[PDB]
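One chain comes next, on its own, written out as structure tokens in the form deposited without ligand ADP.
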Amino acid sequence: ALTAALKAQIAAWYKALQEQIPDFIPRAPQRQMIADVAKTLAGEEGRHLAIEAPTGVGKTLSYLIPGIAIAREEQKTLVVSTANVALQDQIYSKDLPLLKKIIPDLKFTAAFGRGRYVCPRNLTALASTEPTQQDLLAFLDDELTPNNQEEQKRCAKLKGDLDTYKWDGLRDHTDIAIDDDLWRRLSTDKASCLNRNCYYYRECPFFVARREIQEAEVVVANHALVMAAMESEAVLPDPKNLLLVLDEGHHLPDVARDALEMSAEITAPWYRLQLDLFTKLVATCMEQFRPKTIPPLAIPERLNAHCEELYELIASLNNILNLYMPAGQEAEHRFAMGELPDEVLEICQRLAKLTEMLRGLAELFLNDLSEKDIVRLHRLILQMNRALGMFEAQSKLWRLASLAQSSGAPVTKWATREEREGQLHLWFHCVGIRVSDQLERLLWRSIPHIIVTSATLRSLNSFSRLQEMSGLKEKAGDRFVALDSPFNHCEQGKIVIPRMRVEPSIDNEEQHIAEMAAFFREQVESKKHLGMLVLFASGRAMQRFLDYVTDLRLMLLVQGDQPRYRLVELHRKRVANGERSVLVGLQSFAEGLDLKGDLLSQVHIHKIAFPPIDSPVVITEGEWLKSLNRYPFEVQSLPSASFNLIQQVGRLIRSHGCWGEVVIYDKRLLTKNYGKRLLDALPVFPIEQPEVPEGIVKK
């Protein structure tokens, strides 16, 4: 499988980059990862490879070089998939052009979902049309006019950039802030688009990007897109012709779980309204634009016999679920083991059938309208597209609610009664607990050999959690490799566990935050660190902590206040200037921050990020683990805590020459037996246990 010419090509590109790009430094883990990826992707050894490549190993070049070599030899496409658009851009703008220097021949593109692309037609409307005081009837028309004059100028700037190729049309590739509402208007749904009819169709960024996919050697994708391309066999080449690298691979089950997740409203009056609107809309479609294809369900007698039966089912379900909950109150009911009582299951099966039928009708009408008075047709397309979305959520919901198991585990099922607009609304919720069958069918079986890599794949020094969640198995021929970290952590930093007076239990939170803040403040006062990061496991705790350090607002860059890349922008600017700067964030910061040396010398971790015990999904899972005679804490809480802790601690040492401390304020790392195990899955650091000032609680 590894031909002579291929080894020669990989070696050549390797020597090329190491002695022609300044600072490219070889490493033995890098050589091993190149060889392992090369053997897996050529078919020489087993099926799939899950290789953990800690920061510093040089992971992306390590799979890019053999991946590209094998793709060229075989006239295949290398698909590199990562977690989100920012990481995609990192691969597309930094690593691939670097390889283009030594492979001038290289053909690579990036791929994104339709929703990230501007629609030239709409933007032209927004840039070239007058804001006229929200002309009232015109607002009611929502007829493509800039809300106001500021909006109009911004749109014209965006259009100027688009037309001269300063802007590629992707939402994330422009500096100009775009409101979410604005973006909804600037982009369009597949049906809403004019395709070959539009006078821009040859000029549309999205279609051009897909055209680039077709002749490219490397496509940079995100996991959601790849999954969607495996369900709809529609955007990527045929799986058999694919080399697939799933960078940031630990995210893969969660992404797969989107296919087993739905929440939707089911409250009976609202439902009556929706069905009435739909019936009326189908009749007006038939009158206004007779479709080419008229299904028997569109026949009015049949359509509203169908809708009346659906409604009667919904109303029965409302009554049943309402008996679980106090009247006139917001409430909640979870079904243990995700198991529905027989009558409720029966109802959900019939609902699944009826809502799926309505979804099919709406889809057929929608495609008929899109195939085809442009103004009136577009109003009708929009309404029917809304209807389609409603019934999509419905059929998916009832399909999941009807499942006995998914990948050998229950689907979490539960209802909520929530207040919204002066009223109580009934929601149903389904969340698949395991997703391995999904990954197996869409990826593992479909693509001959896949690389799953990440800086962090293991939990508790083990691939066990990854194996169980992903379905990858040695028995199927998948291999699992953990490369060593290059850095020397014990000499490069320390872990600090202050002598806190309370554990961060539920009752203790107020005192705990107080003690933390005191200690944290003293650290800031030492002026020993310029780059600081504070990491929380809940937004509740983060806000509470923020109340104690309100005198430090100037110094604090808080997740959400600005887009993360801007917050890191400012952080770099101030630290380079000699000022103290503190980032404060949740999971997004714990996962995404990569700050070397001065930029981040002290990491503050409020607590061990254990999963929420009262969450319905966690409860249902623990029930199921119990029924299999496994201990939930051992199998569910502690491994998640280990993975999260590895990731959080992983912010400190990003390079040789990184230095500093990780302050962990959860005393249970020393106080509980499991503490040792969490510490043993971290890199080795010396542990210091300083005394803590008295915690003054605030009103």
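We number the residues from 1 along the sequence you see.
Counting the unmodelled positions of the deposited sequence between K372 and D373 gives a gap of 4 to 9 residues. Between the stretches 378-386 and 141-149, it is 141-149 that shows the larger average CA temperature factor. Stretches 186-194 and 445-453 differ in mean C-alpha B factor, with the higher average recorded for 186-194. Taking only the listed residues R359, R72, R290, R521, the entry reports the highest CA temperature factor at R290.
Comparing the C-alpha B-factors of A404, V431, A83, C155 in the entry, the top value falls on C155.
The deposited CA B-factor of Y92 belongs to the middle third of values across its chain.
In this PDB entry, the Cα temperature factor of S615 sits in the bottom third of its chain's modelled residues, the lowest group.
In this PDB entry, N673 carries a Cα temperature factor that places it within the middle third of its chain's modelled residues. Per the deposited record, the Cα B-factor of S464 falls in the lowest third when ranked against the other modelled residues of its chain. For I687, the recorded CA B-factor ranks within the middle third of the chain. Only modelled residues enter the ranking.
The next section is about a form of this same protein that is not shown, the form solved in complex with ligand ADP.
Stretch-level contact check against ligand ADP in the entry with it bound with heavy atoms at 4.5 Å: of 670-678, 66-74, 48-56, 636-644, the positive one is 48-56. For the candidate set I21, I687, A11, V684, a heavy atom within 4.5 Å of ligand ADP in the entry with it bound is found for exactly one residue, namely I21.
At a distance threshold of 4.5 angstroms between non-hydrogen atoms, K94 is in contact with ligand ADP in the entry with it bound. Among residues of the shown chain, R630 is not one whose heavy atoms approach ligand ADP to within 4.5 Å in the entry with it bound.
Using a 4.5 Å cutoff between non-hydrogen atoms, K39 does not count as a contact of ligand ADP in the entry with it bound.
Remark: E332 does not count among the residues lining ligand ADP in the entry with it bound, judged by a heavy atom distance of 4.5 Å or less.
Applying a 4.5 Å heavy atom cutoff to ligand ADP in the entry with it bound picks out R654 as the lone residue from 643-680.
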